[PDB]
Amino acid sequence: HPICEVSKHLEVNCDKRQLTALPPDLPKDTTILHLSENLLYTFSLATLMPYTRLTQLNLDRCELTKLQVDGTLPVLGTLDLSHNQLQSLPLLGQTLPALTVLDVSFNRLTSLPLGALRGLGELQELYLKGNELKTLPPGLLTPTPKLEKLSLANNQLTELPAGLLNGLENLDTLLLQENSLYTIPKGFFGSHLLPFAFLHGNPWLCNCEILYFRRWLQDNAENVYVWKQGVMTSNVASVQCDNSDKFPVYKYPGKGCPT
């Protein structure tokens, strides 16, 4: 291609090219489109409809402040919108029915809309790390029962919906580290066998309302980890009471509390 380098499955590299918009006339059979590291500001998914075989779209580091969603990309499985400056998440369901991986990490989302994930029935991974979320809409994950990985790390969450994890029979990884959480709703984890949970870096308030969490931590000590930028060994003691001197939540007695 005159602007992007093509490799043949057909991978197209349009990255780090000072692009201000989608380059015209790309290979009709493009399968993977790299638009990473450019100067788009705004982008419309409808402009990609001509590429009926597109399964992976990377729009990371594109200075995006707005994302228009219309039309249909029927076989898109992965969408990377990380490292941009989107303030809101548009409704994607009607346009991306086959999506399994959605990454909107390191943006500036201040909230997620009601009914945000409707239609994303195949979603397996949702990354929202490094945004500006304070609370989440009820029923956020009702439309995505096949979710296996959920990352809400490094936001400013102050509360979690009691039923946030309802229906998630395949939940494998939950990242909630570095938020402003002080408690966990009774029954939050349900009977889910969650292998990897990251909960450190939060100002947990140890009082009678933390006992549900204390008991879950005791029962899941080997499933609590500390995040490390790399690729481990559990450390349940990483979850600490803020109203103390680094006292581990999993050892909080709760003396005198109603049982």
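Residue indices: 1-based, along the sequence shown.
When the C-alpha B-factors of 168 to 176 and 87 to 95 are averaged, 168 to 176 comes out higher. Averaged over Cα atoms, the B-factor as recorded in the entry is higher for 191 to 199 than for the other of 53 to 61 and 191 to 199.
The PDB entry gives the largest Cα B-factor of the residues 210, 32, 39, 217 to 32. Among the modelled residues of the chain, residue 227 sits in the highest third by CA temperature factor in this PDB entry.
Among the modelled residues of its chain, residue 138 has a C-alpha B-factor that falls in the highest third, as given in the PDB entry. The entry lists a Cα temperature factor for residue 22 that places it in the middle third of the chain's modelled residues.
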